[PDB]
Amino acid sequence: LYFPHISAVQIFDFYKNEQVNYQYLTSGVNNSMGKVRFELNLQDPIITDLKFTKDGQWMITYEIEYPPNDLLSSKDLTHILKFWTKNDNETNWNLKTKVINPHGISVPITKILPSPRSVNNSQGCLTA
Amino acid sequence: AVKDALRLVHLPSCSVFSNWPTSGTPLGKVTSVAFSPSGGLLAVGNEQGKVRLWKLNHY
Amino acid sequence: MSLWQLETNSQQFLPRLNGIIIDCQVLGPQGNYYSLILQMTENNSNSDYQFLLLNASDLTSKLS
Amino acid sequence: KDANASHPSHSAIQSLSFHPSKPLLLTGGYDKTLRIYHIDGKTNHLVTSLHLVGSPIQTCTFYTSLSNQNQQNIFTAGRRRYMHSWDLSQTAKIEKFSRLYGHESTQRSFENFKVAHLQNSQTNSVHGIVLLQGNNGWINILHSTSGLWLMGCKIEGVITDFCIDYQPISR
Amino acid sequence: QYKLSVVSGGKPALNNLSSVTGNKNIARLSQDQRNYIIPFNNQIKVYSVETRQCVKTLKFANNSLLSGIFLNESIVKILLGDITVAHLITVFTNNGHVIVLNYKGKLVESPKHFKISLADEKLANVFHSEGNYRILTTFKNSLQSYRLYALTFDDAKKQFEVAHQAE
Amino acid sequence: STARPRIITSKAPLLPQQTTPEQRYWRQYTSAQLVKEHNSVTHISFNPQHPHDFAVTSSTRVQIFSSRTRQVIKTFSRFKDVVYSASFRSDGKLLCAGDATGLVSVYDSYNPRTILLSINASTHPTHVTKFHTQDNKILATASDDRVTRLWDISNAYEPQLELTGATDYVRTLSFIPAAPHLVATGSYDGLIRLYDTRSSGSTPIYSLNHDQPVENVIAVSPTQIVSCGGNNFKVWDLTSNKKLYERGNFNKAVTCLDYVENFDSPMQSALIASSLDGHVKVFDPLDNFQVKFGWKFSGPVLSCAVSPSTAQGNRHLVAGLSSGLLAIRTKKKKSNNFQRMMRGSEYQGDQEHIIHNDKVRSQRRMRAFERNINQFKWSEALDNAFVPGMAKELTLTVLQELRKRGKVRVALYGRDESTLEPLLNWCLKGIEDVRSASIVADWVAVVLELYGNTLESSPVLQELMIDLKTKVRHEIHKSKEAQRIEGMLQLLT
Amino acid sequence: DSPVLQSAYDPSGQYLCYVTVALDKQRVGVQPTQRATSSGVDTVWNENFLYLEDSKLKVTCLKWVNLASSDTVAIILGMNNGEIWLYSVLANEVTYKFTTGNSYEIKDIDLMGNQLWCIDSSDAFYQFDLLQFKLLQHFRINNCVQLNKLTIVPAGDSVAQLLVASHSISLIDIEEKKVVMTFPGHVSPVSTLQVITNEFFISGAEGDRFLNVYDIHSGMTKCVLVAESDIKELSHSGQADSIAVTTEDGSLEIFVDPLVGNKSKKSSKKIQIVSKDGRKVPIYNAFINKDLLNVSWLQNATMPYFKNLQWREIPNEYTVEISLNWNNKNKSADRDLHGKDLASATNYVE
Amino acid sequence: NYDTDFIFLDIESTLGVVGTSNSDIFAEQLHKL
RNA sequence: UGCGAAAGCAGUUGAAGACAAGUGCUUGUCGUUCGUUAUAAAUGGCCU
Ligand SMILES: [Mg+2]
């Protein structure tokens, strides 16, 4: 069971009722330092949508990176999309590809739908 | 530093034992010594990697 | 988490914990283990507590 | 019969130690291995071994907590800035001491050390301390279990060796 | 055809009192220091420290007494051993239910339920050093006030008696 | 606890024609020497054995070059008229050459003085003399007489077989691997003729039509033969007897062709093809023979060859030019008491019961700017960014990294005109680049909002902003123009 | 070669008592053979040991007292000091010491109920009563120069004849105090003198691969069982149903119906232990009751381990495979493969 | 869930599912010791 | 704060009590209440 925590994914095994992993799927000031005082106003990138292809070998993630305040570029949210892979034995997802600003600039990825098994043996997806 | 460089001193007489060690006793470059807590066993290591063991009949 | 050594006022650190430290304790007859409570304040929707038991020997998570 | 005859060592026997109660003998050296033998005087078979990668063994010693006799532990060190401790058969519980709590300058290597017993008179509790040899006359004393830095002792000139004496006060 | 059932656990429980600090954690490490007892909102988990796995789980739903008592109540503390009397635990709840449970074994369907008699008190803390037990209780400017009582077990009546010490 | 993440270098979206893994390997043929020969260097061959010396045929001689020294070690000058080949044997011991007089001679390689066997193959010129790869003892010679006689070393008086049927000059001969009986010859008629020496022969089993004079035929694989003729090269399959692919990327007529397989490159197989336009380009057979790299030389290229698969040393690319220039490109490849003192370091616990490994891998050293950010030295981190000889990408990150941390104004408080100009100098340049334009926009906005007063009293700062205003104004024209192009480009669709 | 100087299973086959030297002193310990108890509680290693306080003192003979027969489990120890110690394992203290007048070392011991019989290097018999703790009679029989073994024939509920052997075997009548029959024994000293059934007792000698089956009533060798290598320990199942002998090279051999060409019989089933890595682990003792066989080998230096197998279904040649530590990469439960803390979150790396 | 059953999550962080003899005394004493 | 797109479109930020400071009056504060959808600044920066 995958929980999209803010800027991370928590992998939790409900059969054993114990956590199995906690991975940072995003850039940003997440564990580089302890935010204090005004730094605590910063917003880390938010993992909005997370989905798997049917075969389960590919992980598709969608991020919204928020700019810092009091700058010219303080009103242009950055939409990011990422494709990760892992072998079943391994436990950490390795980022394979990164798309910056899909569909254009400042246009959110509202929906993601992984493709069915018939179309490209489940190695495809739709973004809307 | 040098081979066979081990001696045993009796106390409180402070007199060194004469019968042992001998010329023929194998010790090599003595580099580690250890007395067992009981049974009076003496273990002597050397540069060759050999731990030679002796028993003191008195204990 | 900072261990203040009061004799000389020095200190040692264990940084990059998963969350801010709500609570600390020394748990043992000899202080073998440190019990910590973490918050993960990133999630404002809910309070996410994580209990951590660290081995004071090498400051490695004995039980999270 | 030789202790090493059962399983020979590939380097000099830098240190030896008899277990306080059990009939075991511990050997360590620059081979980076901790070989334990069952000294019976006729066979001397090898109970176990433990290879520490990149950790030359300059000295080793058993340790038995004075109060809790069930506690057994093996401390070892080398020309390195960390110390190892082995609690006492699928795996080995090994912990690394590598924190001096601000006195890192005074201590460059854990190679020379000894373990003694300290009584906290205010509480009457007894526990182990690991003693280390410092850069310039410094002797660093660490809590054996937690690894905390307790106190430091200084002398003038180059410290060369030290030893521990106990002096009973009362019951 | 279908049926609904709870499966997994939930957030760890916590002493959710603003006034108390340094006593938020209610988890306890066993006397032998080989396993850690942690109360959740809906269960009590016993983890083995050496192997880092949940050796045992005590679910409130399974036990009838716990089901009624907790399913609002919350464990205010766990004490190792059994006060009334080697793997027993005493659970003190906010209202006053004291339950003697057993881990490392099979949970008995009839635990030694007791009830400390409190008049308009919410129990905040209990604690002991050697055979002596004192309980702290909260009673009601938006600031809560406290009384410290002395708790003892009388075998003849099989009840917990509370005697006033401080306020 | 967890280890501190490393600052992640900024990577902008990919541009066209990134460096490909194939291009990276072939780019390593760096060191270039240009030797001058007497006449056009017609043929170049590599010894199949170590040290894999290669022989160049120029004018009336043959020269063998050392691989490590890249210089002449042996010269064969007995030949009276022009020479036309220097192919080695599979064993590499013997070297054969052809002459305009038609005489074919076999010499001990590395022993120019001795002449093993001399054959008068024909009265016409003998352009091709190649040893048979499967069978050592048999030699094939193609001549302007238009008969490709198949000689035997033991019997030099009469050819073992004489293949005919070519109505024009035969200048190309190839032996198919795994098919010793088969022999392939290509003439300027535009036909590639295949012969079966096991049979009676002298009549081709079947012909393959190229439609242009065939300058060289190479058997790439047991079932595939690539033939380069005219202005294109085509790959044929014998089992189907039809061309699978064709590439005409060349401008002039292809002359020579060579193939190397199972070498340590990312491309498992490579096909180098001279063009006679100064171009020799590498084709990858696994990918339908698409271009992957190319070189340019001064004049038309008449011969190209590469070091064999088992070079066992620095590889070599050799290009032959009609002007006589030879181009070489190369991918270069205490006391005994003290040892008895400390003898345990070598041991790796091969006999021990339990092996415990706890040393953390050594991480690469961190640069100055990364250390300052980790230690929260905001103002210094900006300074380390703006230093001489700092990679532009590396400079962009520390700027973005500070902005991400929310420390932009904090980095700019304790500054004056003296320490502000390095930033403005970079901003004067970085504003041009598309990737750093937005980051330059933010920082320049802050410094103006933070040092307006200091700007008035300082002249030097003013000239920086005047020049900066000109460049941003220049960018507005470019950015506007790109929009206009997009407007027109939309109309076409 | 073997750290275990002497060993002996209990009659039920559930507990093994073995003696080993720690430093210069012999220690006696008891371990549970079976993996788990009847109640289902997993058996645990027993740390308790009985230490001999004198280096010179040694244990020459180890004999069990029947658990069912007596209220307190006990094992009888012969000592070179010339006295016999009765040891209660639960108390972990020597309850009582039987002392012969002389100081000669005890060579053997055998027990039936209260009747206890020993012999010394002086070749003097003795009779002891456990219940009364008294020396009944001590006598020396002529023509018995040595007595390397003693076994009391199981006749009814009393002792009427004893079997003794030094190099040849002799049968002696207690009341008549004289020899009754003489058997041709081995050239080497006898080591094992067990009585399989009535009128059929086996014999084995040091440094010998041959076991002679003799007839008590008649005196002719019924059979000679032969092992591949030298024989160290012997255990018989039921009434001659099967015989298992622990060879000196470390293999266990099982004889199937040895009491049914005919003169010389070879072992039918051979059992071995080899670790997964490839090292062979010798077997120092074994027990076989009806259809289960118990194999005991030493791991570490003196830790005994046990395994129960159903020899009826085992093939002729069987090699048990056991996982022993060898180049075991040490995985601590609080670290992953790469040494990173398990609680730690994985960082982000493009 | 990809099985027939369905998993649901509750704001209390609870994941529910909707879907279709002297030896014997001696043995005890030795374990006690 | 509501709605909505990300742009933005509408709308708020009040009253009482108590304490401190300065001079009954002035200002500032609240681990005090009611109602409405409703700068910071104790020299203080992350281990081996
Ligand atoms: Mg000498």
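Draft legend 1. Spatial organisation of the overall build of chain F. When helices and strands are tallied, chain F shows nine helices and 28 strands. Against the 2.2 N^0.38 benchmark of 23 Å for 493 residues, chain F shows a C-alpha radius of gyration of 33 Å, more extended than a compact globule. Along the first, second and third principal axes, the C-alpha set of chain F runs to 100 × 85 × 45 Å. A total of 493 residues make up chain F; the buried ones form 47% of that total. Carbon and sulfur atoms make up 51% of the accessible area of chain F, which totals about 24900 Å².

Draft legend 2. The sheet that holds strand 1 (residues 3–6) of chain E, seen in detail. The three strands are arranged 1(E)-2(H)-1(H) in an open sheet whose pairing can be described as antiparallel. Looking along the sheet, the strands with just one partner apiece sit at the ends: strand 1 of chain E together with strand 1 (6–10) of chain H. When strand polarity is set aside, the average angle formed by the axes of neighbouring strands in this sheet is 25°. Pairing of strand 1 of chain H with strand 2 (residues 14–19) of chain H involves five bridges; the strand directions are antiparallel. Bridge pairing links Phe8 of chain H to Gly16 of chain H in strand 2 of chain H.

Draft legend 3. Geometry of the protein's contact with RNA strand I. For RNA strand I, the set of nearby residues contains 26 residues, the closest of which are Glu39 of chain A, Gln12 and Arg16 of chain C, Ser98 of chain D together with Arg4 of chain F. Within the backbone of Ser98 of chain D, one N or O atom sits 2.7 Å away from a sugar or linking oxygen of RNA strand I. Taking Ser1 of chain F, its side chain carries an N or O atom lying 3.5 Å from a base nitrogen of RNA strand I. A class-by-class count of the residues in the surface near RNA strand I yields 11 nonpolar, eight polar and seven charged.

Draft legend 4. View of the UniProt feature "repeat: WD" in chain F. All names here are of chain F. Annotation from UniProt places "repeat: WD" at residues 36–77, 78–117, 123–161, 165–205, 209–246 and 249–293. A distance of 14 Å separates the end C-alpha atoms of residues 78–117, which is 0% helix and 32% strand. Taken end to end, residues 165–205 has its terminal C-alpha atoms 11 Å apart, with 0% of it in helix and 44% in strand.

Draft legend 5. Quick look at the interface of chain F and chain G. With 15 residues of chain F at the contact, the number on the chain G side is 13 residues. When the two sides are added together, the surface that chain F and chain G hide from each other amounts to roughly 1200 Å², 46% of it contributed by carbon and sulfur. Seen at the junction of chain F and chain G, the total is zero salt bridges. Of the residues that constitute the side of chain F that touches chain G, the class distribution is five nonpolar, seven polar and three charged. With two bridges connecting them, strand 28 (residues 354–356) of chain F and strand 31 (residues 328–329) of chain G associate as parallel partners.

Draft legend 6. Quick peek at helix 1 (residues 22–32) of chain H. Within the sequence span of helix 1 of chain H, burial applies to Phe26, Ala27 and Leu30 of chain H. Buried residues along helix 1 of chain H cover an arc of 105° about the axis, so they all sit on one side. Looking at the buried residues of helix 1 of chain H, the elements they touch are strand 2 (15–22) and strand 3 (25–32) of chain G.

Draft legend 7. Quick peek at the arrangement of the chains. The interface with the highest contact count, out of 19 pairs of chains in contact, is the one between chains D and F. Spatially, chain B is disjoint from chain C: no contact exists, and the shortest C-alpha separation is 28 Å. No interface is formed between chain A and chain D, the nearest pair of C-alpha atoms being 21 Å apart.

Draft legend 8. Quick look at the packing of helix 6 (residues 417–430) of chain F against helix 9 (residues 459–492) of chain F. Residue and element names in this part refer to chain F. For the pair helix 6 and helix 9, interaxial distance at closest approach is 10 Å and the crossing angle is 10°. Here helix 9 runs roughly parallel to helix 6, going by the angle between their axes. Here helix 6 and helix 9 pass one another in a crossing that is left-handed. Between helix 6 and helix 9, the residues in contact are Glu417, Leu424, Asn425, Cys427 and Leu428 and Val460, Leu461, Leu464, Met465, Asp467, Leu468 and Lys471, respectively. Residue classes in the contact of helix 6 with helix 9 are distributed as eight nonpolar, one polar and three charged.

Draft legend 9. Representation of the state of the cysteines within the structure. All names here are of chain F. Evaluation of the coordinates by the stated rule reveals zero disulfides over all chains. The thiol sulfur of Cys96 is not disulfide-bonded, and the nearest other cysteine sulfur, from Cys256, lies at 15 Å. Residue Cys96 is classed as buried on the basis of its relative accessible area, which comes to 0%. Here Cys304 is not cross-linked by a disulfide; its sulfur's nearest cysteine counterpart is in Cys256, at 4.0 Å.

Draft legend 10. Layout of the nonpolar core. Within the largest apolar cluster, 35 residues are counted, with the highest numbers of intra-cluster contacts made by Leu382, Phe386, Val398, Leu399, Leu423, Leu424 and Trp443 of chain F. The set of elements that each furnish at least two residues to this core consists of helix 3 (368–374), helix 4 (378–385), helix 5 (392–405), helix 6, helix 7 (434–450) and helix 9 of chain F. Apart from the residues within four sequence positions on either side, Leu423 of chain F is in contact with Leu382, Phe386, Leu412 and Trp443 of chain F. Core analysis: the next-biggest nonpolar cluster, separate from the first, contains 25 residues, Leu3 and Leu36 of chain C together with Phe110 and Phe113 of chain D among them.

Draft legend 11. Main features of the interface of chain F and chain D. Taken residue by residue, the interface counts 17 residues in chain F and 23 residues in chain D. Buried surface at the junction of chain F and chain D, both sides included, amounts to about 1700 Å², of which 55% is carbon and sulfur. Across the chain F-chain D interface, the total number found is one salt bridge. The partner of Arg35 of chain D in a salt bridge is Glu352 of chain F, and the shortest N-O contact between them spans 2.8 Å. For the interface between chain F and chain D, the tally reads 10 residue pairs in polar contact.

Draft legend 12. Fine view of the pairing of strand 21 (residues 221–226) of chain G. Residue and element names in this part refer to chain G. Here five bridges tie strand 20 (residues 210–214) to strand 21, and the two strands are oriented antiparallel to one another. Across the sheet, residue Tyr214 finds its bridge partner in strand 21, namely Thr221. Two successive antiparallel strands, strand 20 and strand 21, enclose a turn made up of six residues, where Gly219 displays a positive phi of approximately 110°. Sheet topology places strand 21 next to strand 25 (residues 264–266); three bridges connect them, and they run parallel. The residue of strand 25 that forms the bridge with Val224 is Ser264.

Draft legend 13. Broad picture of the pairing of strand 23 (residues 242–247) of chain G. Residues and elements named next belong to chain G. The element strand 23 is extensively covered by neighbouring structure, given that six of its six residues are classed as buried. Residues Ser242, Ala244 and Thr246 line one face of strand 23 and the alternating positions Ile243, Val245 and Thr247 line the opposite face, and both faces are buried. Inspection of the sheet shows strand 22 (residues 231–237) paired to strand 23 by six bridges, in the antiparallel sense. In the sheet register, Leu234 faces strand 23, and the bridge partner there is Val245. Between the end of strand 22 and the start of strand 23, which pair antiparallel, lie four residues, with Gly238 showing a positive phi angle near 60°. Of the pairings in the sheet, the one linking strand 23 to strand 24 (residues 252–256) comprises five bridges and is antiparallel in character. Bridge pairing in strand 24 links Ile243 to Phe255. Here strand 23 hands over to strand 24 after four residues, with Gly250 in that stretch at a positive phi of 105°.

Draft legend 14. Broad picture of the pattern of salt bridges. Scanning the model with the defined rule gives 45 salt bridges over all chains in all. Between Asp31 of chain D and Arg35 of chain D there is a salt bridge, with the nearest N and O atoms lying 3.1 Å from each other. The class of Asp31 of chain D is buried, set by a relative accessible area of 0%. A salt bridge links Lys270 of chain G to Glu228 of chain G; the shortest N-O distance between them is 2.6 Å. For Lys270 of chain G, a relative accessible area of 18% puts it in the buried group. Owing to a relative accessible area of 48%, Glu228 of chain G belongs among the partly exposed residues under this scheme. Through salt bridges that share partners, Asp31 and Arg35 of chain D together with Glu352 of chain F make up one connected network.

Draft legend 15. Just unusual backbone geometry, in detail. For the bond from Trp20 of chain B to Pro21 of chain B, the omega torsion is 0°, close enough to zero to count as cis. Within the secondary structure, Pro21 of chain B is located in the loop between strand 2 (15–16) and strand 3 (30–35). A cis amide bond links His50 of chain F with the next residue in sequence, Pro51 of chain F, at an omega value of 5°. Following the sequence through the fold, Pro51 of chain F ends up in the loop between strand 2 (41–46) and strand 3 (54–58). Phi is positive for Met40 of chain C, which is not a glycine, with a value near 55°. With respect to the element layout, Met40 of chain C can be found in the loop between strand 4 (33–38) and strand 5 (50–55). For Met40 of chain C, a relative accessible area of 14% translates into the label buried. Within the chain, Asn262 of chain F stands out as a residue other than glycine whose phi angle is a positive 60°. Along the chain, the position of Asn262 of chain F falls in the loop between strand 21 (257–261) and strand 22 (269–274).

Rules used throughout
- Residues numbered from 1 in each chain as written, not as in the entry; some residues may be left out.
- Chains lettered and ligands numbered in written order.
- Part of a larger assembly, values for the part shown.
- Heavy atoms only, no water.
- Helix = DSSP H or I, 4+ residues; strand = E, 2+ residues; numbered from the N terminus.
- Rg over C-alpha atoms; globule rule 2.2 N^0.38 Å.
- Buried < 20%, exposed > 50% of the residue type's maximum accessible area, 1.4 Å probe, protein only.
- Areas by Shrake-Rupley, 256 points an atom, 1.4 Å probe, with all protein chains shown as cover.
- Pairing = 2+ DSSP bridges.
- Axes fitted to C-alpha atoms, helices over the stretch in contact; angles between N-to-C directions.
- Near = heavy atom within 4 Å.
- Polar contact = N/O pair within 3.5 Å; in protein donor to acceptor, adjacent residues only side chain to side chain.
- Nonpolar A, V, L, I, M, F, W, Y, C, P; charged D, E, K, R; others polar.
- UniProt positions renumbered as here; feature names shortened; annotations may be inferred.
- Contact = heavy atoms within 4.5 Å.
- Buried area = accessible area lost by both parts, 1.4 Å probe.
- Salt bridge = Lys/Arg side-chain N within 4 Å of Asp/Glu carboxyl O.
- Arc of directions from axis to C-beta.
- Parallel < 35°, antiparallel > 145°, perpendicular 65-115°, else oblique.
- Left-handed = near helix turned anticlockwise from the far one by under 90°.
- Disulfide = S-S within 2.5 Å.
- Core = buried A, V, L, I, M, F, W, Y, C linked by side-chain atoms within 4.5 Å.

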